[PDB]
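Here the structure comes first, spelled out in structure tokens, and everything after it is commentary.
Cβ placement follows ideal geometry from the backbone for every residue including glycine, while neighbour counts extend to all protein chains displayed. Every number in this text was worked out from the coordinates using simple rules, so none of it is lab data.
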Amino acid sequence: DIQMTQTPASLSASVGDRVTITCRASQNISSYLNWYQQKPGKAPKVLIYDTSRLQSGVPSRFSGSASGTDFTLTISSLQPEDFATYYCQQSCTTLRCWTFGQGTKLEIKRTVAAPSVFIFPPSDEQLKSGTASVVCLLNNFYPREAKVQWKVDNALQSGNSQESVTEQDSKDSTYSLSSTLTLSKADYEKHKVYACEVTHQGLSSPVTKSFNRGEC
Amino acid sequence: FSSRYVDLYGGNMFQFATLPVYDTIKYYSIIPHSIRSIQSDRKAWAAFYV
Amino acid sequence: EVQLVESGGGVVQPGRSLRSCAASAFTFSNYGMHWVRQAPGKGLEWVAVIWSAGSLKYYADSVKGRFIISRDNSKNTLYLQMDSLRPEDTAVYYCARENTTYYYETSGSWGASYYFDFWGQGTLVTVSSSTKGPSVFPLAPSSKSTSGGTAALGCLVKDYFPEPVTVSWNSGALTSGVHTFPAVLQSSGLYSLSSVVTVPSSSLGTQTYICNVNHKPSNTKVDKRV
């Protein structure tokens, strides 16, 4: 079949700045190449059908130009609503291969913001259920990437922590990260101290906070 | 049989070609033809009668 | 005016047979109907493609006979059969007709001849294991006063077999600094999500905020005070 890998897995684009996304096929098997923009919770819309004629309902600023196997899509004055994940599919009657796009997500560029750290103790009802969760919350940080290490009594835990990142507000251009520890009731009573360590580009130095059992 | 090959003016039909296969088709379908032309190029065409 | 809908989507066990798509206010026979599967973080690909005649059925290389397509033009509905279903196979399926640009260039003459209107909304099929009743726990910082100039208060919902939960604060009274976190599958197979709002430090203590949690599938109304 055909193996297609987009050159950038993710692209960061500042508002009002021209940006280029390139998807490279194993080979240009067919003349027709289709580039599509997908919005989550919405049906896919094709930006261009053959890369020679723009699809109807698509901004003129989008331009599809293909050099060799690789195909480059140019976006001018990119806007948060305009930005979307992009998938490129080779178009031919001999499909079946069903080549798909790796997916490139565009994120608004903003000034770096320091993360805010908050801690949630496991609820008494949760302890009665027999599961213990400690939540370390990071807030208002512009970079999507964030580093959290969970240590109990200064001992690293592997696979216990679960990380979830909130969708960035388009105006805010900032992300929030929730880290939830998973432990049995027996594990909880054994672990006297629960600590979350946060490392971020915005932070001047990595910082650790801890807490022990029974504050309130 | 083609009139043009022999008596074009007469319209008389004289055999000009033979098909080797013994089997004879029991059915015939006319193939529709559309001229690929622009609006200025469009012209009337003579009718074909079976 | 053309309507495209997908039906028969439901949570299923592994190795199960699940029957589809329907078209309304349209002629099924004239246009071939194609089923496209999209997985999050991956491009949409057409696992099943069906010709308008239905004589020829096209299957993607990835699926080895997993997807079977039977279409009734008079019914105006396309039926998709899923077998040997797997957690990785779980995805949202969109059904839409596909067209191509065919023309003869007598003088640079090109006709788009394309119909992508009424693209299917899509349906989600999921595999559930270690199913558990939904549980919601209120979460508060150990010291509200020392939390900072801006204080974040959050509620955690865990162990829900069906689609996540609907969460409001004081019945939606405060929408300030609302954060929505996508549900993340656990090793147990139970999704986890949390909702957090921004509350001024002065408001804390003077005003008490209660999380209101409703589970739409299980009709579980939960009130959570701190």
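Filtering the range C:47-59 to residues that are within 22 Å of the chain's Cα centre (by Cα) and crowded, with 22+ Cβ neighbours inside 10 Å leaves C:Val47, C:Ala48.
Considering C:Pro14, C:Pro40, the condition of being within 18 Å of C:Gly122 (Cα to Cα) and surrounded by fewer than 16 Cβ atoms within 10 Å (Cβ to Cβ) is satisfied by C:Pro40 alone. For the range C:113-148, which positions are in a loop (DSSP other than H, G, I, E, B), within 11 Å of chain A (Cβ to nearest Cβ) and within 32 Å of the chain's Cα centre (by Cα)? Hits for the range C:113-148 are C:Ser113, C:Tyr114, C:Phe116, C:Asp117, C:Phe118, C:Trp119, C:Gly120, C:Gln121, C:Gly122, C:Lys132, C:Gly133, C:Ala140.
Please go through the range C:2-11 and give me each residue that is part of a strand (DSSP E or B) and surrounded by 15 or more Cβ atoms within 10 Å (Cβ to Cβ), ordered by number. Before the answer, list the steps.
From the range C:2-11, those part of a strand (DSSP E or B) are C:3-5; that's our starting set.
Selection gives C:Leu4, C:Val5.
Considering only residues in the range A:98-113 that are more than 11 Å from every other protein chain (Cβ to nearest Cβ) and outside any strand (DSSP E or B), the one that is nearest to A:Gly16 (Cα to Cα) turns out to be A:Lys109. If you go through the range C:13-42 one residue at a time, how many are under 15 Å from the mean Cα position of the chain (by Cα) and part of a loop (DSSP other than H, G, I, E, B)? Residues that pass the stated criteria total 4.
Please verify whether A:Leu138 is more than 8 Å from every other protein chain (Cβ to nearest Cβ) and of a type in the set (A, V, I, L, M), treating the condition exactly as stated. Spelling it out, A:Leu138 is indeed more than 8 Å from every other protein chain (Cβ to nearest Cβ) and of a type in the set (A, V, I, L, M). Residues in the range A:141-167 that are at the interface with chain C (Cβ under 10 Å from one of its Cβ atoms) and within 22 Å of C:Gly177 (Cα to Cα): A:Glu163, A:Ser164, A:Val165, A:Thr166, A:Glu167. A:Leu127 satisfies every condition listed in (1) more than 9 Å from chain C (Cβ to nearest Cβ); (2) crowded, with 19+ Cβ neighbours inside 10 Å; (3) of a type in the set (A, V, I, L, M) except (2).
Within the range C:160-176, identify whether any single residue is surrounded by 14 or more Cβ atoms within 10 Å (Cβ to Cβ), at the interface with chain A (Cβ under 9 Å from one of its Cβ atoms) and either in a loop (DSSP other than H, G, I, E, B) or touching a strand residue (DSSP E or B) at 6+ places or on another chain (Cβ under 9 Å) (or both), and answer yes or no. Before you say what the answer is, go through the steps one by one.
Going through the range C:160-176, the residues surrounded by 14 or more Cβ atoms within 10 Å (Cβ to Cβ) turn out to be C:160-165, C:167-169, C:174.
Imposing the further condition that a residue be at the interface with chain A (Cβ under 9 Å from one of its Cβ atoms) reduces the set to none.
Within the range C:160-176 (the criterion being surrounded by 14 or more Cβ atoms within 10 Å (Cβ to Cβ), at the interface with chain A (Cβ under 9 Å from one of its Cβ atoms) and either in a loop (DSSP other than H, G, I, E, B) or touching a strand residue (DSSP E or B) at 6+ places or on another chain (Cβ under 9 Å) (or both)), the answer is no, since none of the residues qualifies.
Answer yes or no: is there a residue in the range A:132-141 that is farther than 16 Å from A:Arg213 by Cβ, touching a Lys or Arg at 6+ places or on another chain (Cβ under 6 Å), of a type in the set (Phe, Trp, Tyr) and crowded, with 16+ Cβ neighbours inside 10 Å. For the range A:132-141, residues farther than 16 Å from A:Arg213 by Cβ, touching a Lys or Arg at 6+ places or on another chain (Cβ under 6 Å), of a type in the set (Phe, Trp, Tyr) and crowded, with 16+ Cβ neighbours inside 10 Å: absent. Evaluated against (1) at the interface with chain A (Cβ under 8 Å from one of its Cβ atoms); (2) more than 25 Å from A:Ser170 (Cβ to Cβ), C:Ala152 falls short on exactly one condition, (2).
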